[PDB]
Amino acid sequence: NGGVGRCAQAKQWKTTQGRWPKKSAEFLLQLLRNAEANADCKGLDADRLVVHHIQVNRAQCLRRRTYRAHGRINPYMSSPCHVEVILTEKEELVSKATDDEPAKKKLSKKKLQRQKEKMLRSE
Amino acid sequence: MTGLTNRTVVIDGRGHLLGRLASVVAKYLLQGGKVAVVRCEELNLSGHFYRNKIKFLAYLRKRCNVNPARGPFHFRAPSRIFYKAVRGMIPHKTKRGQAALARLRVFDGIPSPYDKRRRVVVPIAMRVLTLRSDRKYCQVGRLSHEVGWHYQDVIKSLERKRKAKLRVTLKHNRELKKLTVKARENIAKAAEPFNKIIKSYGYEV
Amino acid sequence: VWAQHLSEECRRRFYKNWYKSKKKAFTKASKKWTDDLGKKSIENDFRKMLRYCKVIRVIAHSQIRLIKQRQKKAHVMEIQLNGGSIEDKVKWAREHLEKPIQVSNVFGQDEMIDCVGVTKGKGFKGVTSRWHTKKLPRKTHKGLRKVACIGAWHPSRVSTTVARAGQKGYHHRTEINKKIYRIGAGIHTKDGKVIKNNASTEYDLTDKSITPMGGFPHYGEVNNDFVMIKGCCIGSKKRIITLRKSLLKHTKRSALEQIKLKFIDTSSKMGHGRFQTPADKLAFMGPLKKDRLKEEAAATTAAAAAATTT
RNA sequence: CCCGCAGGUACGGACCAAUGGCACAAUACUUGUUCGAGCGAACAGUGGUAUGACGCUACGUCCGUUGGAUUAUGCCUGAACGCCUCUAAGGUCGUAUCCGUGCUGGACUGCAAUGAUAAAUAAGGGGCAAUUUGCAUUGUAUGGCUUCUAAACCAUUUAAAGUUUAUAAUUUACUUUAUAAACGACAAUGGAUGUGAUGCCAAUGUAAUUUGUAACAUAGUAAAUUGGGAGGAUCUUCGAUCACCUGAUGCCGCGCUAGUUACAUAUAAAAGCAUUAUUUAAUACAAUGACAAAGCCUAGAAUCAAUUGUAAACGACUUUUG
RNA sequence: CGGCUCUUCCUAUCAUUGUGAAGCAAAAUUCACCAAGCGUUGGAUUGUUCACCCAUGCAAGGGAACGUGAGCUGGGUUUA
RNA sequence: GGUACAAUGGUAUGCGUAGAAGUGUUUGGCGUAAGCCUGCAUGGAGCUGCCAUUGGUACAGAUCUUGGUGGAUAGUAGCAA
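Chains as they are written, first to last, in the authors' numbering: chain CP, 64 to 186; chain CO, 1 to 205; chain CB, 105 to 414.
1. Where does the unbroken alpha helix (DSSP H) through residue 67 of chain CB begin, and where does it stop?
2. Does the beta-carbon distance from CO:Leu17 to CO:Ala100 come in below 8 Å?
3. If you drop the 5 nearest sequence neighbours on each side, which residues of the same chain put their C-beta closer than 7 Å to that of CO:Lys136?
4. Identify the continuous beta strand (DSSP E) that holds CB:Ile217 and give its terminal residues.
5. Mapping DSSP to helix, strand and coil, what is CP:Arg121?
6. What does a CB cutoff of less than 7 Å around CB:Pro321 pick up in its chain, not counting 5 residues either side in sequence?
7. Between the segment 152–161 of chain CP and the segment 107–115 of chain CP, do three or more beta carbon pairs fall short of 8 Å?
8. Whose C-beta lies closer than 6 Å to the C-beta of CP:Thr129 among residues of the same chain, with five residues either side of it excluded?
9. I need the straight-line Cα distance from CO:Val66 to CB:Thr355, nearest angstrom please.
10. Name the chain CO residues whose beta carbon is nearer than 7 Å to that of CB:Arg261?
11. Taking the beta strand (DSSP E) that CB:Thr232 falls in, what are its first and last residues?
12. From CB:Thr315 to CB:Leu347, what distance separates their C-alpha atoms?
13. Pick helix, strand or coil for CB:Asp149, following the three-state DSSP scheme.
14. From CO:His145 to CO:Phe56, what does the alpha carbon distance come to, in whole angstroms?
15. Going by DSSP in three states, CB:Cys253 sits in which element: helix, strand or coil?
16. Going by alpha carbons, who is nearest to CP:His115 out of CP:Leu95, CP:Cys104 and CP:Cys70?
17. Looking at the structure shown, is CB:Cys114 part of a helix, part of a strand, or coil, going by DSSP?
18. Report the rounded CA-to-CA distance for CO:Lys116 versus CO:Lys182, giving the unit in angstroms.
19. Enumerate in chain order the residues of its own chain whose CB-to-CB distance from CO:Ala77 is below 7 Å, with the five nearest sequence positions on each side excluded.
20. For CB:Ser313, count neighbouring C-beta atoms within 10 Å of its own C-beta (all shown protein chains included) and say buried if the count is 16 or more, exposed if not.
21. Using CA coordinates, which residue listed in CB:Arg198, CB:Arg234 and CB:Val222 is at the minimum distance from CB:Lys341?
22. May I ask you to report which of helix, strand or coil DSSP gives CO:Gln139?
23. I think CB:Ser166 touches CB:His179, with their Cβ atoms under 8 Å apart; what is that distance to the nearest whole Å?
24. Please determine, among CO:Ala190, CO:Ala36, CO:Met89 and CO:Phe75, the residue with the shortest C-alpha to C-alpha distance to CO:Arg7.
25. Within its chain, find whatever has a CB closer than 6 Å to the CB of CB:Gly318; leave out the 5 residues flanking it on each side and keep chain order.
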């Protein structure tokens, strides 16, 4: 977050701090290129795909070194990435419907005799 | 409509010492209260006026140096003088007492339903029972006018409107029960369920 | 209580992006005037404003179109009426809905105005530029332009009274006791064009205008009426100032004086201007390789355009 | 001296018409070089000198307040203390102080008034719903149904004050006064005066299915609809604010109490005789909710991007876009 | 350690406001009361800190965070 | 007195590729407590109870030692002779 500087284009995200990570946003187009080119061979129609799950993981770092005042050496570490997409097609979504199981006993409606069935329809 | 005994007790703040009412209220509000104090411009403080003015002006002097906007905010209305007394007698940094403070409404000068509602007194806070003849006292409405509250004579004009609205609702309700006293002679031959059975309460009722 | 018609520039005040809109304000509230109109809302509202209210104001707007700025979006504001008998403030303002008001009927001459407005902004500044601290000696490491002690050890925090850096200007100010020197009579053309004569005085009798030679620099055209105000007022370029009747008495014999201007300098403020009117630049100086040539490229060509023809 | 007048010091807050300072690295000259010579050429990190708008800027200009309680003190009235006394009650004058006004911020984000109210026109959004339904849950209501008091004590005055009613005088007003009674801080009143004279109930069925059917003396009551005046707004539980209410138009002309006395009819027994048990809700009253459920109405804006330059570290800000 | 810078606080009141008192005629002063709002300066010599000196000033009060060295300076003090 | 770790001598006609050690865990437990047993998941070849005798036998600290990692910070550090 900090100290990234506050931009104009970030009212849209209800934030103030935003930025324009060009090389970051360019590797996520070369990724979504493969994730679209994999829906091709499966036969999915790309204008209905939705990015279902996206995550980035930090990969193993790489070693370089600065050189400091009074004769010292500090680490200069590049921190790479691991990105995963799964894109799933979106149709008219009938979502889910859980199962029903009976917990039935036979003395149900004799203590309910005086209460529910022959008790007439009120308002 | 409701309250944990009745709708809320509305205490008229007129004639009541401030700290002897602020403690029976703070106790009652920690028990589950819902009170309202109306006419908070009429509460009393014992001792003569300058003795209390001094005490308030010294209260106005406490302010954080590195920021006065952090410091003790000195509310100057007579209702938010009374709320200062009640907030000290509450634990207000626990949720229990902050919910106890949320059941408290305090008003400079009796509006908005609590003018047609029912006013109860608290006869242990009442000044004419505790203090003496020849002790001196003031009102919080005089104290607040001399320290920075601007609505002393807003709420004096607002109140005599309200005390002239009540001049006719006591003119209706005094003639409208010249007829209930009339009607209680035309149902004298009732059957006889007044003539004997309410000689249980029974010489006046 | 609004009005029936609001002018288009003075209805852009309710629009952050007006050019894109359907201009649907106030397309519904105007129709309370052409319904049953009293039991619609309006006559009960004026009766509601008479029965209960002790202060009556007026929403008035400016005509930012007439000044040829870029803005086009009029400033509206509430201007309190201050005459007696509360019935008369509504009777004055029920009459004046959509009718225009001049400066000449609010302010006079020899009157003490308070001007209210926002000063000229100057940015993030240091503590020397802003609070007027003494500068530090020249051999100061890490900065001359500071305060050297922003406080004691105890209270163990910095206070609010210590002079500190961060923004300068564009503060809201109310400057008191500026004097009207001239209520101008601007715009136009009684029979011939009288858009002159604002700067004509009893001693001058030159008509010129209150505008200098070359316009007012950066803010620049004045043709409407005006209030001429003793030395300075708040703000900047083009900035809306709010003139105000005085909240004070005026016993001070320097603020009771009737004035009479002998002369108003309308020389050119884009330099060191040397002449009042452009006539005087042609009385003192002569015709240049200019109006010499342009007065002899018209009457000469009118007998020389036919030279190819004949 | 008081008071009036005219200025200045210091500080504050602005401003740029004039004057002073900074340089359009605008323009003139000029040194060295370089372009064959000749130019409103170049280079010397601004070659140097001079003048120098805009803008910034002081060494210039303009502007800089008002009421209240009242401290110190001087008194008034006046005792205990037969007189006297600023004090004991009670009055009073009153500070560069204090607290406010004016001025500057504004709970980040408090509050009030107000404007418009969508991707429409095939189809669907959005209200107005409270009537619209079954449905489902909510809260109060717990086995009717272990409730309301949103009707009340007046405003200011007061520990011999402080109270009522009555009557004869009187009000702009239970106006103010004169006689006579009443408990002269009883138990009273601390709850019910149920303070528009309350209800767990009318219904002669009072409740986990229940409903009620006639005669004799009383009683006269709540009832739904469309065009005028007087009234109601204190940081909000529905403001094209509006509830007794001018004279008009027609009905269900429906439901009705209380009392004596008569008759039909119907529900009701939870299994236990240590009937306490999940200690509950079919009840009624208010409230949301989603799936197929009927109509009434509606037809926007904001932000980004670009733009401005009254602004600016960046945001933000003042602006403009057929 | 001082000085420079800058802010706030005290009153043990120098001055000013409002006063009471004088062996208070006026002027000038002295004593005391309420009182901390505004003010309390420019230099020569010394690293000083007080005191002294020139001068202006209606009038030239006393102190607090040993205030203040990632604020500076580095003269005093204090390593080689 | 009791409990963890590793061994050696005996012992359990002990356990184990039909899943040992280890690890993971809202599986269920037992113990005042150190700790223990158990299910499931991963794992793939060894291990445990008892009697004795032991030992390089139990860690939070030592500006401990070796290794790994977090903020600070994706940066008002900075990458301007």
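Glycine included, every Cβ here is placed at the ideal spot set by N, Cα and C.
In short:
1. This structure gives no information on residue 67 of chain CB, because the portion of chain CB shown stretches from 105 to 414.
2. To locate residue 17 of chain CO, count along the second sequence from 1; it is residue 17. To locate residue 100 of chain CO, count along the second sequence from 1; it is residue 100. Contact flag unset, no.
3. Stepping through the second sequence from its first residue, residue 136 of chain CO is reached at position 136. Result list for CO:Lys136: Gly47 and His48, in chain order.
4. As a working mapping, residue 217 of chain CB is identified with position 113 in the third sequence. It spans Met216 to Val222 - the beta strand (DSSP E) in which CB:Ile217 sits, taken as one unbroken run.
5. For the purposes of this step, residue 121 of chain CP is taken as the residue at position 58 of the first sequence. Three-state result, CP:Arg121: strand.
6. On the third sequence, position 217 is the one that residue 321 of chain CB refers to. Contacts found: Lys373 and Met374.
7. yes
8. As a first step, residue 129 of chain CP must be located in the first sequence, where it is residue number 66. Within the same chain, CP:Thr129 has close Cβ partners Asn137 and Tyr139.
9. In the second sequence, residue 66 of chain CO corresponds to position 66, counting from 1. In the third sequence, residue 355 of chain CB corresponds to position 251, counting from 1. Between CO:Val66 and CB:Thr355, the C-alpha separation is close to 42 Å.
10. Locating residue 261 of chain CB in the third sequence gives position 157, counting from the first residue. Within chain CO, the residues near CB:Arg261 are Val66.
11. On the third sequence, position 128 is the one that residue 232 of chain CB refers to. Run containing CB:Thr232: none in the beta strand (DSSP E); it sits in the alpha helix (DSSP H), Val231 to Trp235.
12. Residue numbering aside, residue 315 of chain CB sits at position 211 when the third sequence is read from its first letter. Residue numbering aside, residue 347 of chain CB sits at position 243 when the third sequence is read from its first letter. C-alpha separation (whole angstroms): 21 Å.
13. By one-based count along the third sequence, residue 149 of chain CB stands at place 45. Here CB:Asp149 sits in helix by DSSP.
14. Translated into the one-based positions of the second sequence, residue 145 of chain CO becomes position 145. Translated into the one-based positions of the second sequence, residue 56 of chain CO becomes position 56. Near 12 Å, if we compare the C-alpha coordinates of CO:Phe56 and CO:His145.
15. Along the third sequence, read from residue 1 onward, the residue named residue 253 of chain CB stands at position 149. In the structure shown, CB:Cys253 falls within a coil segment according to DSSP collapsed to helix, strand and coil.
16. The sequence position of residue 115 of chain CP within the first sequence is 52, counting from 1. That would be CP:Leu95, whose Cα lies nearest to the Cα of CP:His115.
17. Sequence index remark: in the third sequence, residue 114 of chain CB carries index 10 (1-based). Correct three-state label for CB:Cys114: helix.
18. Counting from one through the second sequence, the residue named residue 116 of chain CO turns up at place 116. Counting from one through the second sequence, the residue named residue 182 of chain CO turns up at place 182. Approximately 26 Å, taken between the alpha carbons.
19. Counting from one through the second sequence, the residue named residue 77 of chain CO turns up at place 77. Counting only Cβ-Cβ distances below 7 Å, and skipping sequence neighbours, we find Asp108, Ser144 and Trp149.
20. The count along the third sequence starts at 1 and reaches residue 313 of chain CB at position 209. Per the 10 Å Cβ criterion, buried.
21. For the purposes of this step, residue 341 of chain CB is taken as the residue at position 237 of the third sequence. That would be CB:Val222, whose Cα lies nearest to the Cα of CB:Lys341.
22. In the second sequence, counting from the first residue as 1, residue 139 of chain CO sits at position 139. The answer is strand: DSSP assigns CO:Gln139 an E or B state.
23. Walking along the third sequence from the start, residue 166 of chain CB turns up at place 62. Walking along the third sequence from the start, residue 179 of chain CB turns up at place 75. Confirmed, Cβ separation roughly 5 Å.
24. Position 7 of the second sequence, counted from the start, is the residue given in the question as residue 7 of chain CO. Sorting CO:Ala190, CO:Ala36, CO:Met89 and CO:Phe75 by C-alpha distance to the C-alpha of CO:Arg7 places CO:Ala36 at the top.
25. Here residue 318 of chain CB refers to the residue found at position 214 of the third sequence. Cβ neighbours of CB:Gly318 beyond the five flanking positions: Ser372 and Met374.
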